[PDB]
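J.: sequence, then structure. It's an experimental one.
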Amino acid sequence: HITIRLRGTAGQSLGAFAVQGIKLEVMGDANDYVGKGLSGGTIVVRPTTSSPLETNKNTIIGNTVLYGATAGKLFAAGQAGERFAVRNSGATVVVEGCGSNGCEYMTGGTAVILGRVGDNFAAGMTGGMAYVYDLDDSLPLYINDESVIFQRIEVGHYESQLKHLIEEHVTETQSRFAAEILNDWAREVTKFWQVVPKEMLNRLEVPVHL
Amino acid sequence: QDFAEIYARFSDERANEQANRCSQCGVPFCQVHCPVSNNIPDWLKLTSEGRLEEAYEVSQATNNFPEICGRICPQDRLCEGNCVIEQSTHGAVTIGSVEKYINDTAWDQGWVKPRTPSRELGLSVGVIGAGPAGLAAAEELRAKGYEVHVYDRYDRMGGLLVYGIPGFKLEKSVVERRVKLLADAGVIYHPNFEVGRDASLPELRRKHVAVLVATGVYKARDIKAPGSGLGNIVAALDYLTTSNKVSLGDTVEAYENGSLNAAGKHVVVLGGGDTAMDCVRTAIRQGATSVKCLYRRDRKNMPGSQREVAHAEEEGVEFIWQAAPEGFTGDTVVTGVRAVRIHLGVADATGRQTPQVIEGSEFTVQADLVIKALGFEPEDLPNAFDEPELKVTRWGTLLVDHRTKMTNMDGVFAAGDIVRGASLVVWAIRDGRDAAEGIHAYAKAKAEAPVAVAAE
Amino acid sequence: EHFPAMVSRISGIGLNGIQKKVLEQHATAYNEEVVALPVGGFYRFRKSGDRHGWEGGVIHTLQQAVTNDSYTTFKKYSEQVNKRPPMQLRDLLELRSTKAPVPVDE
Amino acid sequence: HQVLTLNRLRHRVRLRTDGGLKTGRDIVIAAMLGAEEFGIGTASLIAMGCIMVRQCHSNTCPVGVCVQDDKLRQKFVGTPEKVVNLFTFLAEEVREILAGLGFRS
Ligand SMILES: Cc1cc2nc3c(=O)[nH]c(=O)nc-3n(C[C@H](O)[C@H](O)[C@H](O)COP(=O)(O)OP(=O)(O)OC[C@H]3O[C@@H](n4cnc5c(N)ncnc54)[C@H](O)[C@@H]3O)c2cc1C
Ligand SMILES: Cc1cc2nc3c(=O)[nH]c(=O)nc-3n(C[C@H](O)[C@H](O)[C@H](O)COP(=O)(O)O)c2cc1C
Ligand code: SF4
Ligand code: SF4
Ligand code: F3S
């Protein structure tokens, strides 16, 4: 309902505590805490239409992004840094990569991740879900088992949620790389990994299996 | 299998209905949008009155090949694109159709086109290539009152209009009518002369005031490697002409007893543009069971305008078509001395939008026949050599001033496909049109007679 | 000199020009031969000799620009528009200034 | 601008202008001649889709812009967004020019 386009760089706490109705397009890039406490608002961050950068090979948002969020969407054509989605309690986000300590202590929301993830991913993540595009099958070396599992997508209701988010990501973000994964879904879906909290396995309306 | 007029646009006398429909608008957008700047309101008004001769005259004045253009012009891209009525339910007027009709009746009349009295008479002028560009240039020059000869490599005249554009779209008698009108002017055409070893610009310099280089883009694109027709492979350059020869009666004296090329089984046509779609349609003409049109790029960015793609679509040709990046043909596999299949890689567009080919994903498409549609280009070295000293751009094409269409050499001009800048019959005719005034200015200067500026 | 009192806040052409333009147009009709009156593109742009601000080309680029939403496309439209011969008095005015340029961000 | 200035009334009222302004410079020049607000119609019409075919009095608009007829109105593809863009550009184009002249506003 109120959308504010901004070229440039956002300083710390972009969109902090934004409720629904508010949309922030940042064309350029942003600092730490994008979406800190997101509360139903939507934040988007993508490079300039004139930047020669390859979306998914560069950083674009900082650290502690979406810390403690409870609602809203966040879309970012690029990598996030450290402790991304830490404590996310309910925001949905698509991002093209991310630092270490990802999705830590997450208790809700969904987190798609278009690329490499760093160490200790998912540690302490008791609930929400994360998909994670992994071209080299390395997710296994970076993840933190203790409370979560990962499997290839099997049920297709999940396979669908993924696809749709990624389409949203594109839409907003106008992201090639993502646009391309969709162009080749069939073979590409094959490469994500559904990351699902142990304690949510049995609570979950549509089982994740079969 | 057979070549009836597929054009949706073609109109019977019923054209009267649409003529009345035309708003006959002031400072009409359609004319502004026409390359030759035809006075569409007036010719259309004319047909509305029923005086076909008047419209025909109006059409011919601006373009010498009014007939062919009416049939062929990608109007949506052109004059009809800015037709005001498009706002209406009925939609835009089919200006191309009315142009064809008015033109056709004129053909029936059999009137000859007279010369205007006189001008700086004419040191020999030579034009190379019998296509739209040269014919237009030659006719305008003759209107000026010069003696001109067009040297054509092939036995047939008309350029692509004759050679490649299908009979179902472009009847041969049409091209013949226009060439004859030009001929009445006294333009002389001689058929087995080539700009190459036989003819060169320096040779012409031996007595020749000016030259226009009309030869177009004679050859086709590369990947097939030595592949033979017997095996399967045919370039658009090879394929279209053979169908043309069998299909169009006046084109060659010899009857292609060989008959239409026998195309059987699945046919793969590679190309986005006009060329690919025409080959797809012509293929069914020669008995193809199925035709697949493969595009490197995405469906959205098909090069040909919708009317022509429509013809292939109605035809039931399948378009495997996805991602801006190239379904790109890696290799053709031949077994049994016949092409069994073509190997492709999938391609997809990145944010950069630069095309990417993903080697991991491959497609093996079975095909008995492959026709490569990619396009044409100049590459024949003796031809290029013929051209010296004239400067070539880093597109390896003759450089010309956009306005004058003059080459580095003042005496030599160029127009049409060779310029690489437009790929339509009406732009090619326009090129010749514009050139003619400039060659005229140049020659008259030789005469030591001025030309105004306004040109007319 | 010749008409009642009327303002003419900018002298313009005079007898000499008038003379000239009159005569040119006269040639066109006698010092040559003529079939019909041209079309005209006064009351409406045809792709004639009477130009107009809004002619198809520019319109396209505009529409484009503002649909695809590229400032860049916008920027070629304005150029299409700014590079013609003068058609309007502002068109006769350059803009020089004596300060040195400042960064857009400011 | 002048007269009002000459009578010392020129600060009492704001001046606005319109007429074919299509462009950044068109706007700057207007300002320097003294205007403070600029009116933009046609061009904003065109962005909502006018194709300049002049049949506004006729009620046959190819594009849903100047027409009361229903069927025709359904051909309309105007967008708040499109217009918003139009202004957005003009503006930036203006700031571009100013910074050229060394002025920051
Ligand atoms: C398959 C296909 C379909 C098309 N469909 C359409 C359509 O629907 N509508 C449309 O508007 N346009 C269409 N076009 C494009 C149109 O045909 C060309 O733009 C137009 O014919 C170019 O005219 P031209 O005179 O430059 O050259 P052509 O290429 O038309 O003419 C060149 C002439 O030079 C001769 N020549 C070549 N080399 C030499 C030499 N060394 N010495 C002497 N003579 C030589 C050739 O034999 C030929 O007669 C199509 C093109 C192709 C290939
Ligand atoms: C279709 C149309 C309708 C208009 N209606 C009015 C009107 O109702 N009242 C009015 O005061 N001016 C009216 N105007 C004129 C504009 O309000 C403004 O003065 C001028 O239209 C801008 O024209 P421009 O885009 O060439 O700059 C109208 C103009 C157009 C094109
Ligand atoms: S005069 Fe031209 S084709 Fe006829 S209605 Fe279409 S724009 Fe006016
Ligand atoms: S020559 Fe001009 S562009 Fe082709 S008015 Fe006729 S079909 Fe249209
Ligand atoms: S095109 Fe614009 S011109 Fe008027 S008639 Fe339609 S609103």
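T.: Alright, I've got the coordinates. Residues are numbered from 1 along each chain as shown, chains lettered A, B, ... in the order given. Ligands and ions are numbered 1, 2, ... in the order given.
J.: three-state assignment of residue A:186?
T.: The three-state label for residue A:186, taken from DSSP: H, G, I helix; E, B strand; the rest coil, comes out as helix.
J.: which stretches of the stretch 101-250 of chain B form strands?
T.: In order along the chain, the stretch 101-250 of chain B carries the following strands (DSSP state E, counting those that start in this stretch): B:125-128, B:148-151, B:188-190, B:210-213, B:219-220, B:233-235.
J.: got the phi and psi for the one residue in the stretch 201-350 of chain B that gets nearest to chain C?
T.: Distance from chain C to each residue of the stretch 201-350 of chain B (Cβ to the nearest Cβ) is smallest for residue B:300, at 13.3 Å. Every residue, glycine included, has its C-beta placed from N, CA and C. With angles defined as degrees, to the nearest 10, residue B:300 shows backbone torsions of phi -60, psi -40.
J.: equivalent analysis for residue B:319, please.
T.: Dihedral pair for residue B:319: phi -110, psi 110, per degrees, to the nearest 10.
J.: again, but for residue B:278
T.: Here the main-chain torsion angles of residue B:278 (degrees, to the nearest 10) amount to phi -70, psi -40.
J.: so it sits right up against residue B:164, yeah?
T.: Yes: the pair residue B:278 / residue B:164 is scored as a contact, 6.9 Å apart, by Cβ atoms under 8 Å.
J.: who has more neighbours out of these two?
T.: Relative neighbour count places residue B:278 above the other of residue B:278 and residue B:164, with 27 against 21, counting by other Cβ atoms under 10 Å in any protein chain shown.
J.: so what's the more buried one up against?
T.: Residue B:278 is in contact with B:164, B:165, B:166, B:169, B:236, B:240, B:308, counting by Cβ atoms under 8 Å, 6 or more residues apart in numbering or on different chains.
J.: again with residue B:256
T.: B:242, B:245, B:246.
J.: quick one: which of those is nearest residue A:75?
T.: Using Cβ to Cβ, the shortest approach to residue A:75 within the contacts of residue B:256 belongs to residue B:242, at 54.6 Å.
J.: do the longest helix seen in chain D and chain C meet?
T.: In chain D, taking DSSP state H as the definition, the longest helix is helix D:80-101. Yes: among the residues of helix D:80-101, D:81-83, D:85-86, D:89, D:92-93, D:95-97, D:99-101 lie within reach of chain C under Cβ under 8 Å from any Cβ of the partner chain.
J.: from the residues you listed, which would you call buried?
T.: Burial by neighbour count, 16 or more other Cβ atoms under 10 Å in any protein chain shown: within the residues of helix D:80-101 next to chain C this picks out D:82, D:83, D:85, D:86, D:89, D:92, D:93, D:95, D:97, D:99, D:101.
J.: so the last one touches residue C:99, yeah?
T.: The one in question is residue D:101. Yes: taking contacts as Cβ under 8 Å, residue D:101 lies within contact range of residue C:99: 6.5 Å.
J.: is it true that residue B:239 touches residue B:281?
T.: No: contact criterion Cβ under 8 Å: residue B:239 and residue B:281 do not qualify, at 11.7 Å.
J.: ok, those two, which is more surrounded?
T.: When residue B:239 is set against residue B:281 and neighbours are counted by other Cβ under 10 Å, the residue ahead is residue B:239, at 28 against 24.
J.: contacting residues around the residue of the stretch 201-350 of chain B closest to chain C?
T.: Residue B:300 is in contact with residue B:324, counting by Cβ under 8 Å, 6+ apart.
J.: same thing with residue B:351?
T.: A:54, A:55, A:77, A:174, A:175, A:176, A:177, A:179.
J.: show me the residue at the heart of chain C, geometrically.
T.: residue C:87 (2.4 Å; Cα atoms, centre = their mean).
J.: same check on chain A?
T.: residue A:94 (3.2 Å).
J.: helix, strand or coil for it?
T.: The local conformation at residue A:94, judged by three-state DSSP, is strand.
J.: who are the contact partners of it?
T.: Neighbouring residues of residue A:94 by Cβ under 8 Å, 6+ apart: A:74, A:75, A:76, A:112, A:113, A:114, A:165, A:166, A:168, A:169, A:173, A:178.
J.: what sits up against the helix or strand hosting the last one?
T.: The one in question is residue A:178. When elements are defined using DSSP states H and E, residue A:178 is found to belong to helix A:176-183. When contacts are taken as Cβ under 8 Å, 6+ apart, the neighbours of helix A:176-183 outside the stretch itself are A:54-56, A:77, A:94, A:96, A:114, A:133, A:163, A:166-167, A:169-170, A:188, B:322-323, B:348-353, B:356.
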